[PDB]
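Chain A is the first sequence line, chain B the second, and so forth, proteins listed ahead of strands; every chain is numbered from 1. Any value given below was found using the heavy atoms of this structure, including those in side chains, with hydrogens, waters and symmetry copies removed.
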Amino acid sequence: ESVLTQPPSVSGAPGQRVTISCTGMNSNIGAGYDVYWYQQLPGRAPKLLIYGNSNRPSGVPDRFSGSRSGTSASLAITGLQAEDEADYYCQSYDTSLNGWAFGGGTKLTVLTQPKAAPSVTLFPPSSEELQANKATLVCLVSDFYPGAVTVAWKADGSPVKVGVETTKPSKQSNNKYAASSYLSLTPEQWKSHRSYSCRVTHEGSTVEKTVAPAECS
Amino acid sequence: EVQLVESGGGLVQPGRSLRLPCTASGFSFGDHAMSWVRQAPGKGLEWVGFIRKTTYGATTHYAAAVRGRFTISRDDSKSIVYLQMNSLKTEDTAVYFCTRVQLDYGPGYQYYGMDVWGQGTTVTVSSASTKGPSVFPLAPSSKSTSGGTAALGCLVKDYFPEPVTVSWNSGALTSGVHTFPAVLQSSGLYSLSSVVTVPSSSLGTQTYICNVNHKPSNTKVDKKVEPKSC
Ligand code: NA
């Protein structure tokens with residue numbers, strides 16, 4: 001989120017120790033407000049995992065531990081188990097927002113297969129869609145593991161954030177993951193630029209594909 | 001056991017209103033503050049507001065995004081907490097979770113972790129109604145061809161509601177097919193894509209047709225995907 005920052009994904013093998021950071025601000029964790037952690041298993045409602053920085057509710061095993069220092073908090077999972085694959089959210093009070101703030105959430109993957117870098121294909125608007133006065137760029141990501149990517153778009157080398165829609169990764173037939181992202185444009189926007197790019201980040205490394213409106217038209 | 005049950009979800013037009021009741025059981029409802037949290041499709045958790053115990057006036061506090069629009073109230077005799085949503089906007093579309101605020105005492109003060117969560121109820125704010133999709137080809141070209149494998153697909157745009165299914169060549173082509181989940185645009189309409197990878201040499205010789213079915217609109221679309229010689 002704005003005032004609370006989490007990494008989008010973390011991974012480890014069964015039995016390992018992983019940590020999830022929650023980087024705060026002097027309007028929340030740094031001011032002394034306590035940190036809470038929530039676990040959301042896939043397809044379930046969240047549950048309270050840690051309260052008051054480090055306390056575990058009954059029913060939360062002690063491989064979960066929480067710590068806080070300064071403007072930072074952290075959730076450790078000592079001895080990763082398969083059932084721990086989930087989204088984790090930190091939460092604290094923020095005085096600049098005057099409300100209860102959540103981090104953006106971290107997807108924890110418990111590794112069950114070899115890591116795999118993504119393949120990326122970028123499709124321009126079809127002539128049929130252009131002839132219907134619409135334009136959608138389609139960026140398809142496939143064959144990657146773990147199932148977490150971030151997608152960024154560029155027009156003429158510059159970032160573009162308006163008009164973007166991205167799906168959460170889901171399993172392919174071969175048990176790796178795929179994801180898709182869309183850039184919606186008007187035909188005039190499309191034609192007015194020299195290039196459009198999609199940039200897919202997976203495990204700190206990025207694959208970028210580029211299309212040119214002047215080609216394939 | 002401790003339990004919370006929301007009701008009242010549904011589809012409502014922008015600018016209208018909706019009330020969500022949440023019924024509590026298995027504990028003394030009146031002993032607890034209660035808090036609402038929401039989660040837009042595909043997004044993270046977002047606090048909505050909370051309400052104190054009645055003995056303290058049942059005062060309420062809201063996220064900035066719903067101040068002056070949403071109202072929380074409680075009725076301790078029926079063990080119900082209500083989320084009244086007025087002036088609804090499309091970006092209020094979310095699963096709404098009712099939660100209980102814990103009583104656990106820390107060092108000189110009570111914590112406020114949300115220690116019981118309901119299953120959540122979906123509120124969709126949208127002017128969309130049943131609408132069949134437009135299907136566009138994602139033509140294979142040199143820019144989608146790598147090492148002698150070509151990707152091609154079809155873009156299924158602006159339909160409502162979910163779901164659509166896609167097959168290729170009437171179910172005869174399944175190797176390498178992936179149909180993606182849909183994205184929800186702010187207009188309230190869905191879009192998805194389906195991709196298949198085939199040998200680039202087959203492109204002049206094989207026909208590729210994606211079969212789109214949207215049963216809610218009684219629409220089927222068979223789109224021929226022709227290769228681009230560029
Ligand atoms: Na209270």
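Ring pair A:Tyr196/A:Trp190 is parallel by interplanar angle, where below 30° counts as parallel and above 60° as perpendicular. Note: A:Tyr38 and B:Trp117 have perpendicular aromatic rings, judged against thresholds of 30 and 60 degrees for the angle between ring planes. A perpendicular orientation is assigned to the rings of B:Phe180 and B:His178, their planes being inclined by more than 60° (bins at 30° and 60°).
Counting only N and O atoms by type, the side chains of B:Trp168 and B:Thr174 include no donor and acceptor under 3.5 Å apart. A donor-acceptor pair shorter than 3.5 Å can be found between the side chains of A:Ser181 and A:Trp153. Side-chain atoms of A:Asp143 and A:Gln172 form a donor-acceptor pair, as typed in the model, at a separation below 3.5 Å. Side chains of A:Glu129 and A:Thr136: a donor-acceptor N/O pair is present below 3.5 angstrom, by distance only. Looking only at atom types and distance, the side chain of A:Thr206 has a donor-acceptor partner in the side chain of A:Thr201 under 3.5 Å away. Residues A:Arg17 and A:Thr78 have side chains that bring a donor and an acceptor to within less than 3.5 angstrom of each other. When only modelled atom types and interatomic distance are considered, B:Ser167 and B:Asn211 share a side-chain donor-acceptor pair under 3.5 Å. Residues B:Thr179 and B:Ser194 have side chains that bring a donor and an acceptor to within less than 3.5 angstrom of each other. Between the side chains of B:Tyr208 and B:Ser202, at least one donor N or O lies within less than 3.5 Å of an accepting N or O. For the 3.5 Å distance criterion, the side chains of A:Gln91 and A:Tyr51 fail to qualify, holding no donor opposite an acceptor. Checked by atom type, the side-chain pair A:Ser158/A:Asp156 shows no donor-acceptor distance below 3.5 Å. No hydrogens or angles considered: nothing links the side chains of B:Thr165 and B:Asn213 as a donor-acceptor pair under 3.5 Å. If you check the side chains of A:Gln39 and A:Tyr88, you find a donor sitting under 3.5 Å from an acceptor. Side-chain contact of B:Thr197 with B:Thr149: a donor-acceptor pair under 3.5 Å is absent, judged by distance alone.
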Test B:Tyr112 against A:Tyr36 for ring-ring contact (aromatic ring centres under 6.0 Å, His included), laying out the working first. CA-CA 9 Å; B:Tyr112 72 102; A:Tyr36 299 81; 4.8 Å; yes
So A:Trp100 and B:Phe50, ring-ring contact (aromatic ring centres under 6.0 Å, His included) or not? Walk me through it. CA-CA 10 Å; A:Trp100 313 6; B:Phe50 96 114; 4.9 Å; yes
Is there a disulfide (SG to SG under 2.5 Å) between B:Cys230 and A:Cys216 once you walk through the steps? CA-CA 6 Å; B:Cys230 47; A:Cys216 303; 3.4 Å; no
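Note on B:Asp115 versus A:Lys47: no salt bridge recorded, every NZ/NE/NH1/NH2 to OD/OE distance being 4.0 Å or above.
Heavy-atom minimum distance, B:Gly9 versus B:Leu20: N-CD2, 4.0 Å. In plain terms, the two heavy atoms of B:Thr121 and B:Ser7 that are nearest each other are CG2-O, 4.3 Å. Closest non-hydrogen pair, A:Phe144 versus A:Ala178, comes out as CE2-CA, 3.5 Å. Nearest heavy-atom pair, A:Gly147 versus A:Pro169, reported as atom, atom and distance to 0.1 Å: O-CG, 3.6 Å. When all heavy atoms of A:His202 and A:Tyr145 are compared, the closest pair comes out as CE1-O, 3.2 Å. The minimum heavy-atom distance between A:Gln6 and A:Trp37, with the atom names listed, is NE2-CZ3, 4.0 Å.
Under the 3.5 Å distance criterion, the side-chain polar atoms of B:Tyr62 are matched with a main-chain donor or acceptor of B:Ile72. With hydrogens and angles disregarded, no donor-acceptor distance shorter than 3.5 Å links the side chain of A:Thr71 to the backbone of A:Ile29. For A:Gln40 (side chain) and A:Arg44 (main-chain N/O), a donor-acceptor pair under 3.5 Å exists by modelled atom type. A:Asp84 contributes no side-chain N or O that, together with a main-chain N or O of A:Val110, makes up a donor-acceptor pair within less than 3.5 Å. For the pair B:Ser193 (side chain) and B:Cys154 (backbone), a donor-acceptor distance under 3.5 Å is absent. Remark: side-chain polar atoms of B:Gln102 are not paired, donor with acceptor, to backbone N or O of B:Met114 under 3.5 angstrom. A donor-acceptor pair is defined here as one N or O able to donate and one able to accept, closer than 3.5 Å; such a pair exists between the side chain of A:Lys168 and the backbone of B:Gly42. A donor-acceptor distance shorter than 3.5 angstrom exists from the side chain of B:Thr93 to the backbone of B:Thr90, with no hydrogens or angles considered. Checked by atom type and distance alone, the side chain of B:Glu6 pairs as donor or acceptor with a backbone atom of B:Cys98 at under 3.5 Å. Checking side-chain atoms of B:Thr145 against main-chain N and O of B:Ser141 turns up a donor-acceptor pair under 3.5 Å.
Within 6.0 Å of the NZ atom in A:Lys171, the count of heavy atoms belonging to other residues, nucleotides or ligands exceeds 12. Heavy-atom neighbours of B:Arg67 CZ from other residues, nucleotides or ligands within 6.0 Å: above the threshold of 12. The environment of A:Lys209 atom NZ is sparse: at most 12 non-hydrogen atoms of other residues, nucleotides or ligands sit within 6.0 angstrom.
Residues B:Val212 and B:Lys223 are not in side-chain contact: their nearest non-hydrogen atoms beyond the backbone lie 4.5 Å or more apart.
The SG atoms of A:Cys22 and A:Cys90 lie less than 2.5 Å from each other.
With rounding to the nearest 0.5 Å, the separation of CD1 in A:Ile20 from CZ in A:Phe64 is 9.0 Å. Between atom NZ of residue B:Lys157 and atom NZ of residue B:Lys131 there is a gap of 8.5 Å, rounded to the nearest 0.5 Å. From B:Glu226, atom CD reaches atom CG of B:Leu152 across 11.5 Å, with rounding to the nearest 0.5 Å.
Relative to the ring axis of B:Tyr82, B:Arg19 places its NZ or CZ within 45° and under 6.0 Å from the centre. Taking the centre and axis of the six-membered ring of A:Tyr177, the NZ or CZ atom of A:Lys107 falls inside the cone set by 45° and 6.0 Å.
A:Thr167 pairs by the side-chain hydrogen bond (donor to acceptor under 3.5 Å, both in side chains) definition with A:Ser180, not counting sequence neighbours.
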